[PDB]
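A single chain comes next, written as structure tokens; it is the form deposited in one PDB entry.
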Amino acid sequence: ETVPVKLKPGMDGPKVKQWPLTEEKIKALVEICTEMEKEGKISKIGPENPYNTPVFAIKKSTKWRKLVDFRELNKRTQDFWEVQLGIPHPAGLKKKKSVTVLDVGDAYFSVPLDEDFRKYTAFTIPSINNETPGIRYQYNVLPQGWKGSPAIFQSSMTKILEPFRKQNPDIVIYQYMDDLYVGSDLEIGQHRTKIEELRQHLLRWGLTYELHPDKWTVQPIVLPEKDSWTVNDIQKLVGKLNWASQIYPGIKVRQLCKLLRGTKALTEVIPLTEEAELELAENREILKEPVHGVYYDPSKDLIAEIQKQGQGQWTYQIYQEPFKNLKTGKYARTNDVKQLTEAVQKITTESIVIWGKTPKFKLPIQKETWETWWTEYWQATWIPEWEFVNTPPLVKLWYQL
């Protein structure tokens, strides 16, 4: 018996255009969906269904996988999966030594979807050069990628894990969309052994990657240490400190400023007054410590900004109010779009672990570039929200190491 789902009142279903797909991905999708249809998971639909969400193929393993972009449908049923049947997020997960991520999305293909809701899950396989009408389908079962699926499957998931939780009370298991996160403080061999036990529990119900959150330390704003100091070195230091002033209560820069008093050549060497090198020292102290007074607000959205540093290095900050950084980081190590796509997935994963939310990303790339290419390196089953930005020129300079 299906759980009835409603959209938000006065909201209609998603009508999101399908991005163009290459021949290889259209052929992968057509195979996958003839086999899903013959197994009853989806059904052809007719022109009386005006809804659409996009689909992609990712090869995340040598086998193609279908990825449905339910971002829009998720926004429109947000009361159902969040306030009506929300899955609580455990604060203990981020403290564990090891966290393993398991895909349990095949679970949802056994549960039926409320038949009055199926039309909202419509999607289109396009065809090259528009030579054939798109192949159109809707779901009959809980689909992967929809946040309504884990909320409905919640009850079942807790019966499945109830024996394993009872026998291991110091293991944390958190569901987010199509994944389980499993945290322990065990040594890694015992951790892996307990993961194998858990796979056995799941296999008796049809559900056939290792983080170490304990070692996700801050990326402090770092100040140079130098033999000499030109005026140009001091101006860059004052600018970097003055901007840091806006996050770190306490930063002082009016002892370094006096040294730059007249109108001097940029390359002129300026000996540091004994006054001044206490203030580098004091602000050094400051910048290697979290922000006082910045706390995660569960009602507000998470934002992630990413800057390209060069040489395969990228910096990022997560915040809800600009300059109130909840987290800062780097990601290191080819191809700019492949690297950025990897950084977006790393930041999202940490963010799921820490807050149970994925952030909205401010991406430093042209939209059409990103939309052409992100599919070819994306390996996750979820998709965060993103927009496209132009990186302020010096924000990049102040987060460099």
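Rigid core (definition): largest C-alpha set, two forms, superposition within 1.5 Å. Each residue number is its position in the shown sequence, starting from 1.
**Q** What is the count, as a class, of unmodelled deposited residues between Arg333 and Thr334: none, 1 to 3, 4 to 9, or 10 or more?
**A** 4 to 9 residues lack coordinates between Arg333 and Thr334.
**Q** How big is the unmodelled gap, if any, between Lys60 and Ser61 relative to the deposited sequence? Choose none, 1 to 3, 4 to 9, or 10 or more.
**A** Unmodelled stretch: 1 to 3 residues, a short break.
**Q** Which has higher Cα B-factors on average according to the PDB entry: 268 to 276 or 103 to 111?
**A** Between 103 to 111 and 268 to 276, it is 268 to 276.
**Q** Mean CA temperature factor from the deposited coordinates, higher in 140 to 148 or in 210 to 218?
**A** According to the entry, 210 to 218 carries the higher average C-alpha B-factor.
**Q** Using the temperature factors in the entry, find which of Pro20, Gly13, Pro9, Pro384 has the highest value at its Cα atom.
**A** It is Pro9.
**Q** Among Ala304, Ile128, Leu260, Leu198, single out the one with the highest C-alpha B factor in the record, please.
**A** Checking the PDB record, the top C-alpha B-factor among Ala304, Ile128, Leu260, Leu198 is at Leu260.
**Q** Give the position of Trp314 by CA B-factor within its chain, expressed as the lowest, middle or highest third.
**A** Its C-alpha B-factor, which the entry lists for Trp314, ranks in the middle third among residues of this chain.
**Q** Compared with the other modelled residues in the chain, in which third is the CA B-factor of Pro298?
**A** Ranked within chain, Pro298 CA B lands in the middle tercile.
**Q** Once the chain's modelled residues are ordered by C-alpha B factor and cut into thirds, is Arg71 in the lowest, middle or highest one?
**A** CA B-factor rank for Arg71: lowest third.
**Q** Name the third of the chain's ranked CA B-factors that contains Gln320, choosing lowest, middle or highest.
**A** CA B-factor rank for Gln320: middle third.
**Q** So where's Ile173 on the chain's Cα temperature factor ranking, which third?
**A** Its C-alpha B-factor belongs to the lowest third of this chain's values.
Beyond the structure shown, there is the form deposited in another entry, which is absent from this document and is the topic of what follows.
**Q** Which listed residue, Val294, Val111, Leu259, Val101, is the one whose CA shifts 2 angstroms or more between the shown form and the other one with the rigid core aligned?
**A** The residue that shifts is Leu259.
**Q** If the two forms are fitted on the core, does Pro249 show a Cα displacement reaching 2 angstroms between the shown form and the other one?
**A** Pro249: C-alpha displaced by 2 Å or more between the shown form and the other one.
**Q** When the rigid core is used for the superposition, does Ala276 move between the shown form and the other one (threshold: C-alpha shift of 2 Å or more)?
**A** Moves: yes, 2 Å or greater.
**Q** Determine whether the C-alpha of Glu187 shifts by 2 Å or more between the shown form and the other one once the rigid core is superposed.
**A** No, its C-alpha moves less than 2 Å.
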